[PDB]
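What you see below is based on every heavy atom in this structure, not just the backbone, and it leaves out hydrogens, waters and symmetry mates. By convention in this document, chain letters (A, B, ...) are assigned in the order of the sequence lines, proteins followed by strands, and residues within each chain are numbered from 1.
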Amino acid sequence: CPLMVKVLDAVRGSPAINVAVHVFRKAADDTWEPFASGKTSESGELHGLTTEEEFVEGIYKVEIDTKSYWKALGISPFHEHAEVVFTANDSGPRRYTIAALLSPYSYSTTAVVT
Amino acid sequence: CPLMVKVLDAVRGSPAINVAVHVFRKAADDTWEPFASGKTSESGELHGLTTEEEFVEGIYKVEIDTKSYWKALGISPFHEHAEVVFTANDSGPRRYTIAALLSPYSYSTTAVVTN
Amino acid sequence: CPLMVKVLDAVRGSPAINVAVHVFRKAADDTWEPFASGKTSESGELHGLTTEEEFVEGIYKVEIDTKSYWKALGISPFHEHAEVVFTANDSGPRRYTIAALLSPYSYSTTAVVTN
Amino acid sequence: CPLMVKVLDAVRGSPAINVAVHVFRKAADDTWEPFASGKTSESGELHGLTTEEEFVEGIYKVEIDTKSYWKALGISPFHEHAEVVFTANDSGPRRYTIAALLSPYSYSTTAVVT
Ligand SMILES: COc1ccccc1/C=N\OCCC(=O)O
Ligand SMILES: COc1ccccc1/C=N\OCCC(=O)O
């Protein structure tokens with residue numbers, strides 16, 4: 001599993017459950033095209049987005065549908081989504097974890113590359 | 001100044017100076033139109049991006065070019081940029097400050113919205 | 001103003017107003033002496049905690065009373081307080097801004113240190 | 001395992017390995033007294049700090065020796081440590097994860113309570 005995503009809720013102190021996550025890869029022009037997607041588990045994790053064969057060098061955008069998440073909880077959100085854009089495999093393949101921490105008017109994201 | 005950006009560097013404990021910022025606005029056809037752009041000052045602030053007349057309702061994206069910033073400091077970062085997408089002025093005009101805190105493999109962004 | 005604190009609220013997208021802050025300094029006997037205290041203004045800023053003469057070298061702790069803040073907003077938070085402990089002025093005097101971003105189960109703090 | 005700690009490095013994009021973590025419980029006066037301690041694993045995690053029997057309601061301080069961590073990497077740090085102070089079991093016992101994300105001049109911490 002070369003790309004994992006983990007989403008935490010800073011208002012409730014819990015994983016962010018059932019959050020929709022869409023991954024895009026940048027194409028020959030510049031257009032963003034869909035690559036992978038899923039919903040966070042009860043642990044706030046999304047595994048099996050890709051396989052190593054499919055996850056080649058490139059620029060990727062991970063867009064976290066945080067707006068719908070807060071909306072489901074009846075909380076007023078600021079962002080349309082959180083968007084994490086990065087080059088992967090700059091030097092061949094690695095394991096990537098993209099972690100996001102969500103609040104209504106703020107978010108932070110970090111990458112663990114191993 | 002209805003749209004301001006403030007950027008800090010968490011490695012060096014300082015404002016993030018001369019960071020490129022581009023602001024786009026979603027167009028009728030679901031596409032991102034250039035809206036405004038600038039570079040942060042020695043205080044890590046970017047003022048004068050727009051005006052209250054030009055800053056109408058819409059969905060805006062503030063892209064902070066964190067990759068050039070880190071490279072111009074000699075360091076290889078993870079992110080292509082730090083992005084913040086939000087709907088603005090939907091219930092009247094508001095003043096927005098977008099603050100971002102940068103590290104090479106992480107960033108944080110917050111919006112302070114006042115009336 | 002060699003020691004300033006700025007506090008934001010990430011739930012409401014605003015400065016965190018009337019937040020109590022206490023600053024302690026480690027004493028010769030390894031104990032925390034009261035140094036300064038105040039409350040943030042409507043801009044979430046706390047100025048005038050100290051003076052450059054009083055702010056000598058040492059290890060300081062800035063305690064931000066996030067628990068009272070959240071309670072006075074009607075909400076049950078995780079942390080007793082947000083704390084930041086750092087050595088100051090060890091290689092000459094410096095100006096420090098301690099910025100903190102608050103959520104009920106999380107907080108972030110950054111220091112901006114200028115010369 | 002009712003108290004876990006996880007520490008990530010935002011400069012290197014990796015778990016923060018071999019970081020010393022000291023937990024204290026507040027006593028009848030106010031004095032802080034040692035309760036638990038350990039070093040982060042290769043995954044940046046510290047498990048087995050306590051057991052449920054031992055981890056009762058109270059105020060706890062988790063102090064993360066971030067200064068020595070950066071020092072070991074030859075990077076100049078700002079903080080003496082990161083300190084996370086919280087009431088636990090306010091309403092009986094829970095599982096607590098305290099997560100910290102470290103930079104030389106910044107840190108963020110969040111609690112996942114389950
Ligand atoms: C803890 O502060 C954060 C800020 C932004 C993104 C992530 C974190 C924290 N932890 O991420 C790791 C979560 C986990 O591994 O369970
Ligand atoms: C303090 O923690 C932060 C995390 C992410 C982005 C901003 C901050 C803090 N302050 O931003 C305000 C900076 C200022 O207005 O001096």
Testing the basics here: between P15(B) and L8(B), what is the closest heavy-atom pair and its distance to 0.1 Å? CA-CD2, 3.8 Å

Evaluation steps, side chain to side chain contact (heavy atoms under 4.5 Å, CB included), between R12(D) and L73(D): CA-CA 10 Å; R12(D) 320 214 315 169; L73(D) 291 178; 3.4 Å; yes

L46(D) CG to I98(D) CD1 distance, which is reported to the nearest 0.5 Å: 11.5 Å

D9(B) vs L102(B), side chain to side chain contact (heavy atoms under 4.5 Å, CB included): CA-CA, chis, key distance, verdict: CA-CA 5 Å; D9(B) 178 329; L102(B) 309 186; 5.7 Å; no

Closest non-hydrogen contact found for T66(A) with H81(A) is OG1-CA, 3.6 Å

Closest heavy-atom pair, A111(C) versus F78(D), reported as atoms and distance to 0.1 Å, is CB-CE2, 3.3 Å

Does the plane of the ring in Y96(C) sit parallel, tilted or perpendicular to the ring in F55(C)? Use 30° and 60° as the thresholds. perpendicular

Decide yes or no for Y69(B) and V7(B): does some side-chain heavy atom of the first lie under 4.5 Å from some side-chain heavy atom of the second? no

Exercise: identify the closest heavy-atom pair between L49(A) and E54(A): O-OE2, 4.2 Å

Rounded distance (nearest 0.5 Å) linking atom OG1 of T51(A) with atom CG of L3(A): 11.0 Å

In plain terms, say whether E80(D) and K67(D) are close enough for a salt bridge, that is, a side-chain N and a carboxylate O under 4.0 Å apart. yes

Identify whether the distance between the nearest side-chain nitrogen and carboxylate oxygen of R95(A) and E52(A) falls below 4.0 Å. yes

Would you compute the distance between atom CG of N115(B) and atom OG of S91(B) and round it to the nearest 0.5 angstrom? 9.5 Å

Under 3.5 Å donor-acceptor, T109(D) side chain and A99(D) backbone: yes

Main-chain N/O of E57(B) paired with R25(B) side-chain donor or acceptor, under 3.5 Å: yes

Any idea how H79(A) and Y107(A) line up, ring-wise: parallel (<30°), tilted (30 to 60°), or perpendicular (>60°)? perpendicular

Can you see which heavy atom on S103(C) is nearest to which on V11(C), and at what distance? CA-CG2, 4.5 Å

Is there a donor-acceptor contact under 3.5 Å from the side chain of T40(C) to the main chain of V19(C)? yes

CE/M4(A) to NE2/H47(A) distance, rounded to the nearest 0.5 angstrom? 3.5 Å

Can you classify the ring geometry of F35(A) versus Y60(A) as parallel (below 30°), tilted (30 to 60°) or perpendicular (above 60°)? perpendicular

Might you work through the side chain to side chain contact (heavy atoms under 4.5 Å, CB included) test for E83(B) and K61(B), ending with a clear yes or no? CA-CA 7 Å; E83(B) 266 193 85; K61(B) 171 189 310 202; 3.2 Å; yes

Any side-chain to backbone donor/acceptor pair from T87(A) onto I59(A)? Under 3.5 Å, distance only. no

If we count only N and O atoms by modelled type, under 3.5 Å, do the side chains of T110(B) and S106(A) hold a donor and an acceptor together? yes

Give me the atom names and distance for the closest heavy-atom approach of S43(A) to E45(A). OG-OE1, 2.8 Å

